[PDB]
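> Protein chains in written order, with the deposited numbering: chain C, 1 to 224; chain E, 1 to 224; chain Z, 1 to 224; chain L, 1 to 224. Ideal Cβ positions, reconstructed from N, Cα and C, are used throughout, including at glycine.
(1) Find the nearest neighbour of residue 77 of chain C within the set E:189, E:216, E:5, judged by alpha-carbon distance.
(2) Do the CB positions of residue 63 of chain L and residue 152 of chain Z come within less than 8 Å of each other?
(3) Between residue 101 of chain Z and the ligand NAP, is there a pair consisting of the residue's CB and a ligand heavy atom that are separated by less than 7 Å?
(4) Which residues, in order along the region 73-94 of chain E, keep a beta-carbon less than 7 Å from a beta-carbon of chain C?
(5) Run the CB neighbour count on residue 34 of chain Z, radius 10 Å, all protein chains shown included, and call it buried at 16 or more, exposed below.
(6) Please compile the residues from chain E whose C-beta is within a distance smaller than 9 Å of the C-beta of residue 153 of chain Z.
(7) Please report the distance separating the alpha-carbon of residue 107 of chain E from that of residue 20 of chain C.
(8) State the Cα-Cα distance for the pair residue 24 of chain C and residue 15 of chain Z, rounded to the nearest angstrom.
(9) Just curious, the alpha helix (DSSP H) that residue 236 of chain C is in, first and last residue?
(10) I need the straight-line Cα distance from residue 113 of chain Z to residue 55 of chain L, nearest angstrom please.
(11) Between which residues of its own chain and residue 175 of chain Z is the CB-CB distance below 8 Å, once the five residues before and five after are set aside?
(12) Return helix, strand or coil for residue 135 of chain C, following the three-state DSSP convention.
(13) Between L:217, L:31, L:1, L:75, which lies nearest to residue 164 of chain L when the distance is taken from Cα to Cα?
(14) Taking the alpha carbon of residue 223 of chain C as the point to measure from, which residue in E:141, E:10, E:66, E:135 has its own alpha carbon closest?
(15) Indicate whether residue 185 of chain E and residue 173 of chain E have their beta-carbon atoms separated by less than 8 Å.
(16) Indicate the three-state DSSP secondary structure (helix, strand or coil) for residue 2 of chain E in the structure shown.
(17) Please report the straight-line C-alpha distance between residue 81 of chain C and residue 141 of chain C, rounded to a whole angstrom.
(18) Kindly list the residues whose CB is nearer than 8 Å to the CB of residue 215 of chain E, restricted to its own chain and excluding five residues on each side of it in sequence; keep chain order.
(19) On the CB-based measure, 16 or more other CB atoms within 10 Å of its CB, does residue 206 of chain Z come out buried or exposed?
(20) For the alpha helix (DSSP H) containing residue 91 of chain Z, name the first residue and the last one.
(21) From which residue to which residue does the alpha helix (DSSP H) around residue 153 of chain L run?
(22) Does any residue of chain E have a CB that is nearer than 8 Å to the CB of residue 30 of chain Z?
(23) So, helix, strand or coil for residue 37 of chain E, using DSSP?
(24) For residue 188 of chain Z, which of helix, strand or coil comes out of DSSP?
(25) Can you tell me whether DSSP reads residue 114 of chain Z as helix, strand or coil?
(26) Under 8 Å Cβ-Cβ, which residues of chain C neighbour residue 219 of chain E?
(27) Between the beta-carbon of residue 51 of chain E and the beta-carbon of residue 2 of chain E, is there less than 8 Å?
(28) In whole angstroms, what separates the C-alpha of residue 171 of chain L from that of residue 119 of chain L?
(29) Would you mind working out which of C:44, C:72, C:57 sits nearest residue 28 of chain C, comparing C-alpha positions?
(30) Closest by CA to residue 146 of chain C, which one among E:68, E:168, E:12?
(31) Relative to the C-alpha of residue 87 of chain L, which candidate in Z:12, Z:187, Z:95 has its C-alpha closest?
(32) Can you list the residues of chain L that residue 42 of chain Z reaches, using a CB-CB cut of under 7 Å?
(33) Give me the subset of the region 13-28 of chain E whose CB atoms are less than 8 Å from a CB atom of chain Z, sorted by chain position.
(34) Using a 10 Å radius around the Cβ and a threshold of 16 neighbouring Cβ atoms, would you call residue 213 of chain C buried or exposed?
If you want it as structure tokens, here you go:
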């Protein structure tokens with residue numbers, strides 16, 4: 001793909017440079033030879049027009065190449081985006097499996113409220129949060145790939161990406177804390193440990209909500 | 001390149017759709033089963049949070065896919081752009097050759113102002129204008145490819161492209177008229193035919209200037 | 001066709017320009033000669049009226065040429081449209097043949113439900129979808145030709161065309177995926193492969209429906 | 001040009017009609033044969049999707065042909081427009097010659113105010129008005145050609161054209177009256193005849209101004 005397109009852009013720069021050098025040489029040959037006898041009006045006026053036309057063409061070639069380099073840089077990220085998508089697809093499928101599992105657990109817990117079903121409920125919630133964390137990590141990575149691929153410079157998007165990175169650090173640390181709390185609850189289940197675990201979950205969900213808010217802000221800036 | 005990236009985007013849409021269907025099924029199973037006994041607070045609150053998280057993830061996947069499709073469409077034009085560049089490079093090289101030829105003719109005409117050298121001058125000028133016309137046709141084509149590749153909707157760029165197309169029609173018709181006038185001058189050279197030819201050249205150059213102005217306006221709109 | 005009409009428009013521009021230059025020259029000759037003796041009222045008032053009349057005529061010629069250039073640009077696409085129509089006609093005829101084949105297969109399959117008839121049914125469905133994809137590609141191309149020929153600038157039509165291009169990319173990728181799934185079913189037919197294939201068909205039809213919706217929106221915008 | 005494009009549109013209508021007939025035949029064969037055994041779900045659902053796809057394609061072909069017929073009708077007027085332009089160009093050139101003649105007369109009359117120069121002045125003014133009348137007749141004709149070529153239905157443009165036709169009748173009658181007055185002045189020149197002639201000129205110019213106002217209104221409606 002871009003391996004050849006870029007080689008052609010380089011060939012274009014070489015040819016427009018050679019054109020510029022030759023057009024400049026005629027510019028000067030014209031001034032020096034025609035000033036000798038201004039009565040040769042057609043020759044000097046035609047050659048000056050030729051020089052202006054070439055100068056414009058060279059400037060246009062420079063601008064066109066400058067734009068195509070942006071298309072080329074977007075093209076060169078095809079494999080990075082493809083891999084980010086493969087990860088996002090696997091994450092989505094895992095999230096779906098966790099949701100179906102949780103639904104089945106909910107039905108079993110309500111129909112037959114065995115303590116084991118409550119344990120399975122909390123386990124499913126922890127798996128779901130781990131999946132959300134992986135999903136948001138993958139999305140943040142794909143957002144960075146999109147921002148880079150589109151060559152965005154908007155200060156608002158850069159700041160939003162910084163906020164996203166910080167919120168993903170907070171989300172990962174909170175996730176690790178939630179997993180440790182769940183394991184401690186499992187080892188020594190109790191009413192106090194269970195209420196502390198439920199509080200840890202509420203705080204974790206609040207963090208996820210903030211992370212999703214930031215992701216939404218980044219997407220809004222990219223789309224709009 | 002885009003052949004696989006797009007297949008992955010379609011796979012993502014399939015998976016986010018399956019996730020949405022499953023998240024919806026749990027949304028309803030939760031509401032209907034939990035209203036039976038609101039005292040199971042942890043189960044209903046955790047599952048509602050789960051549903052909100054999935055709904056957000058599905059919406060984000062939709063938006064991300066929508067953006068990546070714009071990158072994919074830009075990527076899919078790689079071969080069209082490569083061919084447009086090959087044409088532009090060949091045109092640039094031909095323009096350079098015409099310029100070098102004209103410079104050599106100018107030097108020969110000034111050093112030895114034979115009538116044959118004036119004839120060669122007018123021939124070189126006509127070849128140069130034919131080259132500009134081919135060059136601007138190629139640039140207009142690459143500009144359309146750029147506008148399509150970047151998915152631009154700005155009304156100003158669309159109008160500028162329309163003006164460009166019209167000016168390229170005017171330029172081609174004027175070029176054909178100039179070639180016919182040159183052939184008539186060559187067949188029956190005279191002072192009156194020569195002055196009419198020089199006027200034809202001035203009008204042609206004015207048309208080229210307008211065509212380049214429009215191209216510059218289009219590039220300004222694309223870059224800025 | 002347009003080759004001569006445009007040459008005439010250029011001749012008109014040349015003549016209205018010469019008229020403008022001469023009308024301006026009399027404008028000034030009038031001011032300078034008549035201010036010498038304002039008592040020559042009839043001469044100055046008549047010549048001023050003459051100048052205003054010419055200025056109006058020059059402006060009208062400019063506007064008329066500007067409109068006719070839009071008619072000329074629409075005319076110049078005659079061969080591109082003719083070729084797009086030839087493709088659309090061939091596509092329509094092929095779609096008809098596929099439909100008649102499918103009808104005959106349906107009758108044979110219901111009258112004698114041999115497994116081979118089911119295989120032929122799925123083959124006919126795949127051919128039909130391939131035909132729809134070619135038909136919609138051709139229509140999208142003719143829509144672009146119509147939009148360009150009519151010099152439309154409506155932001156809504158430009159956006160609809162962008163959506164169309166993206167949906168045609170999705171449609172082509174889905175079609176390739178459907179063909180591959182059908183080939184895999186043919187090589188290893190089974191109940192699970194057959195149900196997966198039928199699901200692939202349902203998803204493909206949903207994509208076709210969306211592509212047709214976008215095409216309909218574009219046609220609505222062109223007609224209305 | 002349009003001779004072939006229109007034949008292709010007719011071929012398209014023939015082929016889309018045949019498609020419609022076959023799609024309808026399968027629609028009915030499907031309903032009647034499948035109701036015999038609704039358990040053949042894949043066959044009935046696939047064929048119903050096939051029928052919907054064909055119905056949509058047929059409606060789209062009808063709409064596309066309806067638009068292309070408007071392009072074809074615009075194309076078919078190429079020779080009428082070309083001839084209107086040839087007339088407008090000849091009119092412009094004649095107007096330029098009259099203007100240059102009037103300028104030379106003005107210079108001669110001011111430099112050497114011979115009675116013969118005043119006679120030539122009034123003659124040149126009458127010729128100029130005759131030229132304006134021919135120019136506006138030609139413009140009104142080209143406006144009618146443009147309105148027909150663009151298939152405009154706007155009530156405002158139709159009314160403006162009616163007003164134009166009426167004003168051109170007034171302009172022609174006034175022109176004939178001015179010519180008769182000029183001939184009477186020439187045969188029996190006098191101060192009273194000269195002042196009556198000058199009044200006739202003022203009234204004629206007022207009529208020309210109104211005719212140009214209407215033409216401008218028509219152009220405004222066509223462009224906007």
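So, to answer that:
(1) E:5
(2) no
(3) For the structure depicted, the ligand NAP is absent and the ligand set is empty, with no information on it obtainable.
(4) 74, 75, 78, 81, 82, 85, 86, 88, 89, 92, 93
(5) buried
(6) 155, 158, 159, 162
(7) 19 Å
(8) 36 Å
(9) With chain C covering only 1 through 224, there is no way to say anything about residue 236 of chain C.
(10) A straight-line Cα-Cα distance of about 28 Å links residue 113 of chain Z and residue 55 of chain L.
(11) Once the five neighbours on either side are set aside, the close Cβ partners of residue 175 of chain Z are 129, 130, 133, 204.
(12) helix
(13) L:217
(14) E:66
(15) no
(16) helix
(17) 9 Å
(18) 136, 139, 140, 143, 164
(19) exposed
(20) 78-111
(21) DSSP places residue 153 of chain L in no alpha helix (DSSP H); its state is neither H nor E.
(22) no
(23) coil
(24) coil
(25) coil
(26) 60, 63, 64, 67
(27) No, these two residues do not count as a Cβ contact at 8 Å.
(28) 24 Å
(29) C:44
(30) E:68
(31) When the alpha-carbon of residue 87 of chain L is set against those of Z:12, Z:187, Z:95, the nearest one is in Z:12.
(32) In chain order: 198.
(33) For the region 13-28 of chain E, the set of residues with a beta-carbon nearer than 8 Å to any beta-carbon of chain Z comprises 14, in chain order.
(34) exposed
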